[PDB]
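Next up is one chain by itself, shown in C-alpha cells, the form deposited in one PDB entry.
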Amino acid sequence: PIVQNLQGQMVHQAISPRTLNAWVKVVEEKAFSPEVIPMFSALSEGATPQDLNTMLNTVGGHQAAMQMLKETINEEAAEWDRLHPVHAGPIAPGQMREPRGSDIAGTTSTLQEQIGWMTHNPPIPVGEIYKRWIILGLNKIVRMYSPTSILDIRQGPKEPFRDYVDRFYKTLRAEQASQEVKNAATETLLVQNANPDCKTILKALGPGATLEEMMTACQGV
C-alpha cells in the first residue's frame, strides 16, 4: 500500500509476503465460501490497484473464477466511464486528471498515478473503488458455485457431543432443504462430522443406535 518517507513523500510499499501467503491460504482452504469475502477485505486494507492485482495473480489458477472477475471488472469499469466521461480540455495547475475505468483496474495507470489519486485532498480512492469491483465479482462467484448447508458443522476436539448435536440440529432446522436430504444429514452426516474419538465410538455401535444412545456413548469423549 502507501507509506510516508522521512522526507515526506507518499511512496509505495509492496504487500508483505505474509499478507500474501495468508490470502493464498484463505483461498486454498475456503474454496468458494462467503467467508472469503470478509477475509479478502481485511487482507486488502490500504491496497493500491497494483497491490490488488498482485493478490489476484496469486490465486489466478482458478481460471473460471478469474474469468468471472474479469467480466465484472470490465462491466463496472464501463459504467465508471459512462459516469465519468473523458474531458479533453487542459488540466488546471491545481487539478488532477480523473481516473478512467482502466486506470482504476490498474491497467492503464502507474503506481505513481495510483498513489497520487489515493492521497489527494480529498482522495480519489482508486484502491477502494477497484476493491469494490473485485468484491462484486467475488459475490457473483460464491453465489454461482455455492448452495446453503450444514456441511461445515464439525464437532470440536473438546466439544461435548450434546452441544455439537444442538448446533447441528439448529443449523439443520433453519435450512431450506428437502426431507430426503435432511434424512441423510441426521442419519449419516452427524456421525460423519463427529470428532475422531467420538466417530470411532459411534461407528462401533449397533445397526439401530438411537440419538440418545449416541449421546450416552459419546459423553465425555
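Quick note: we count residues from 1 along the sequence shown, nothing fancier.
Here the subject shifts to the form solved in complex with a partner chain, a form of this protein not shown in this document.
Enquirer: Do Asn53 and its partner chain come within 4.5 Å of each other in the deposited bound form, heavy atoms counted?
Expert: Contact with its partner chain, yes.
Enquirer: Would you check, heavy atoms only and a 4.5 Å threshold, whether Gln192 touches its partner chain in the deposited bound form?
Expert: So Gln192 does not count as contacting its partner chain.
Enquirer: How about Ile153 - does it come within 4.5 Å of its partner chain in the deposited bound form, if we only consider non-hydrogen atoms?
Expert: No.
Enquirer: How about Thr107 - does it come within 4.5 Å of its partner chain in the deposited bound form, if we only consider non-hydrogen atoms?
Expert: Output for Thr107 is yes: heavy atoms within 4.5 Å of its partner chain.
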